[PDB]
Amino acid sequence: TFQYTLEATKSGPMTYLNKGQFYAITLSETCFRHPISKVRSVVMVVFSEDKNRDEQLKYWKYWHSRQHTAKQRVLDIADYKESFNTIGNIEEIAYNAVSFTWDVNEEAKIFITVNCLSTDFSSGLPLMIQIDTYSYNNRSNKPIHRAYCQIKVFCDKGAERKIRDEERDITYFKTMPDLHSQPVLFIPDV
C-alpha cells in the first residue's frame, strides 16, 4: 500500500546521516478518489532497541539538558519549495516529530535533519526514523501504515568516513506489522 524512501549515504534498513545535514524523504501511496485524497503522516526520531517509554524519555531529557539552547529540536524540517508545494498542515508536534498532510495522488517530498549524534546519550544508541500514516477522514489513534529506517548520526561527514572505512543511494523503509504500539515522543518543559 504505502512506500517511503530516504535519499542518503548507502550503508533491515540502516542509513548513516550527518547531524544538521538535510536529507530527502519521499512519501508515496502505491482506493482513493476525490474528495478522499489526503492522509496525514508523522515523521519521528525514536529509539530502535525498543526500551520502555520511561527509559526513552530519560535519554531525551539527558540529550536536551546538554544542548546550548532549550529551543533545539531533535528533528527539523526544511522550508524548501520542492517540499512545501507537495505538503500541507506542517506541525512540529514534538521535539522529535513533524506532522503534515499530503495528497496521495501526488508524491510527497520533505527535507529533514537529525540534531542528535548516536553517541550523545552517554558521557552508539540504535536510533530510527519512523513514519506513521493516518487517515485524514477519522480521529483514530491507529495509523493505516507504519514504516521504519534505522539510522546512525555522525558529525563532520562521519557518515561518508564510516562507508569509506567499511570499503577498506535510496533506502526503502520497512513496513512495521504493529499499528497498536505507540511511539515515545518528547516535548520538554518550556
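A residue's number is simply how far along the shown sequence it sits, counting from 1.
K.L.:
With respect to the deposited sequence, how many residues separating residue 11 from residue 12 are not represented by coordinates: none, 1 to 3, 4 to 9, or 10 or more?
P.N.:
In the record, 4 to 9 residues between residue 11 and residue 12 lack coordinates.
K.L.:
Would you class the number of unmodelled deposited residues between residue 123 and residue 124 as none, 1 to 3, 4 to 9, or 10 or more?
P.N.:
In the deposited sequence, 4 to 9 residues between these two have no coordinates.
K.L.:
Would you tell me which stretch averages the higher CA B-factor in the PDB entry, 159-167 or 39-47?
P.N.:
Going by the record's values, the stretch with the higher mean is 159-167.
K.L.:
Tell me which of 94-102 and 77-85 has the higher mean C-alpha B-factor in the deposited entry.
P.N.:
Between 94-102 and 77-85, it is 77-85.
K.L.:
In this PDB entry, which of 140, 65, 30, 133 has the top CA B-factor?
P.N.:
Highest CA B-factor of the listed options: 30.
K.L.:
Would you mind checking where the Cα B-factor of residue 52 ranks among the modelled residues of its chain, as the lowest, middle or highest third?
P.N.:
Highest third of the chain for residue 52's C-alpha B-factor.
K.L.:
Taking the values exactly as deposited, rank residue 18 by C-alpha B-factor within its chain and report the matching third: lowest, middle or highest.
P.N.:
It belongs to the lowest third of the chain when residues are ordered by C-alpha B-factor.
K.L.:
In terms of the CA temperature factor given in the entry, to which third of its chain does residue 152 belong: lowest, middle or highest?
P.N.:
It falls in the bottom third of the chain.
K.L.:
Split the chain's modelled residues into thirds by Cα B-factor; is residue 2 in the lowest, middle or highest one?
P.N.:
For residue 2, whose C-alpha B-factor we compare with every modelled residue in the chain, the answer is the highest third.
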